[PDB]
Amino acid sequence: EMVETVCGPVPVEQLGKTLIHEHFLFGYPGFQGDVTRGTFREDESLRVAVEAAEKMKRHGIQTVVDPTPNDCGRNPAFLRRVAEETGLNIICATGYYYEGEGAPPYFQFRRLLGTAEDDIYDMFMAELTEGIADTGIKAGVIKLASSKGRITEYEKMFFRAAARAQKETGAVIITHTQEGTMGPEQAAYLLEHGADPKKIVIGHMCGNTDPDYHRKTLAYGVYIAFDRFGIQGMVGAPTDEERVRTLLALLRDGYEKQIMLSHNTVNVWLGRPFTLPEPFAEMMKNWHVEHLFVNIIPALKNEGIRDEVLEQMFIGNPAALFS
């Protein structure tokens, strides 16, 4: 029926063509400490974010899910500015990043007080059903994240609280997997705690190039996201050629109704500007919001993937997920 967006409730039937994982803003925890050299340029960032939105619109995209974690610079009022400007539906998340690159000290301390897991659940419920801060914006998804080869004790608090919140709210869960690990483990743990597989997207699955790993995850009935197209040679990521090979295998094996695609772009980096060193720069040059539509999709079509299959992924699947 309905999903909460940064502009309020929208009928799921009107989401249309959707990108399941992109970031308008993103900062690595600690960016706040580099304020003198890395101040947030409100108006300039908005122009940049708005242009990204317009680029997506030119390729038919009507909706973007931006699951920026709470501890990584999430800014719903900023997202609303983008939406009010461009007409794009933007759905935001409630949740924390994984332990390795997130900001665990705060909830690790509350865990010592013995209230962390309850406090996280309370946060999820407030942001799903009441509003984020004083913005009046509700999250439409819960974001979860795990570490390489482990769901840590810290991370597990969020997993359990997320399952609890989903049972109460029906909210969609979208996950981060680190370096192609823990996909099946995330699904099985969430389902153990009562989560609904039809409301779960296991993310960054494109980080693993073994189709058997994908099938192991898909067996749980969840969605999987190939959501890092364009990211090559960093964060342990495979090449797009490898992503495409893996994707083609799964589509030809009939898994179209469980797969979604995205880039995981960061359109505005929080903190101090930087330039990637030439090694990484070249490999990452295709990491932008138009990449799927100008490079990947054409390659898929040339490989015989039909328009109806593409439509299932970009339109059909997000509609089912949120409805």
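When you see a residue number, it is the position in the sequence shown, counting from 1.
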| request: Output the stretch having the higher mean C-alpha B factor in the entry; the candidates are 237-245 and 129-137. | output: 237-245
| task | Determine, for stretches 265-273 and 46-54, which one has the higher mean CA B-factor as deposited. | result | 46-54
| query | Which one of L218, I91, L250, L190 shows the biggest C-alpha B-factor in the PDB entry? | reply | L250
| task | Using the B-factor values recorded in the entry, state whether the Cα atom of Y255 falls in the lowest, middle or highest third among the modelled residues of its chain. | result | middle
| said: Considering every modelled residue of the chain and its Cα B-factor in the PDB entry, is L112 in the lowest, middle or highest third? | reply: highest
| B-factor third for the C-alpha atom of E179 within its chain | middle
| C-alpha B factor of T39, ranked within the chain: lowest, middle or highest third? | highest
| What third of the chain, by the recorded C-alpha B-factor, contains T152? | lowest
